[PDB]
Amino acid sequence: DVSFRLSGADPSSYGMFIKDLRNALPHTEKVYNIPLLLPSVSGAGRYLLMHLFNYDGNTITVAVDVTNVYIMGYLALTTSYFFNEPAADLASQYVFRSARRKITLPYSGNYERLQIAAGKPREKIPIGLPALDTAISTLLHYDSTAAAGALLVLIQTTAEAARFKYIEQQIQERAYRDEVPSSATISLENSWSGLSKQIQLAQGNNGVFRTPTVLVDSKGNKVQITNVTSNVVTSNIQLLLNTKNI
């Protein structure tokens, strides 16, 4: 499974960790040169463990669902924390079993719930490697309100960067200074599903999207994506959510 140490980390090692993370996900085929994630997987094989070390060397192990890259829960010393949702509960049966105590967070793992519990929308939460180091720190010692904020940072600096090279770049720019995410970043995060389905719906349709995907851009200008010729498809998105899961 994969590892990343914030100590002595620079834009380069981060890039390498994200690359390892992408390669750690199984896929059988590619769609328009892109890894298509598996429809489903059975058993403990459905989960990837990320070992993260903050600057001082403390660690938390995070469980990721390899069919969609969703964070399911994590382990901190001897306590495991899982999201309050069906998938996370199913996941609790194959990972962190040697945990002495298991705690269910008072919310499911989607941005919407996480922003409510955290009291802030993610447009106002600064991300970057320094923020990741603090997120790790905040998760070592339970606090549901603080954990909500920490998880919004953790998802973005890992799962979202895995899915979009642009977001990986946004985090490399933020390796020594945190900064709230750009509008592009957030609409990208929100479109992973839509884009994933459309790219797949295009392979029997000459690469033309059945229905266009609207995104906010680098500057803040609304922009339509209608075919697989766009940058987003040619050199941004890196993983595709199988339509089976949409």
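Numbering starts at 1 and follows the sequence shown.
- The mean Cα B-factor in the deposited entry runs higher for 38-46 than for the other of 38-46 and 189-197.
- Note on 53-61 vs 212-220: mean CA B-factor is higher in 212-220.
- Per the deposited record, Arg113 carries the highest C-alpha B-factor of all listed residues (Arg174, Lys165, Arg113, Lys102).
- For the set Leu77, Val153, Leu129, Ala159, the PDB entry puts the maximum C-alpha B factor at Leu77.
- Among the modelled residues of the chain, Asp178 sits in the lowest third by CA temperature factor in this PDB entry.
- Per-chain ranking of the deposited C-alpha B factor places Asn231 in the highest third.
- For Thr138, the recorded CA B-factor ranks within the lowest third of the chain. Only modelled residues enter the ranking.
- Residue-level temperature factors show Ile225 in the highest third of its chain, judged at the C-alpha atom.
- Ranked within its chain, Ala118 lands in the highest third, by CA B factor from the PDB record.
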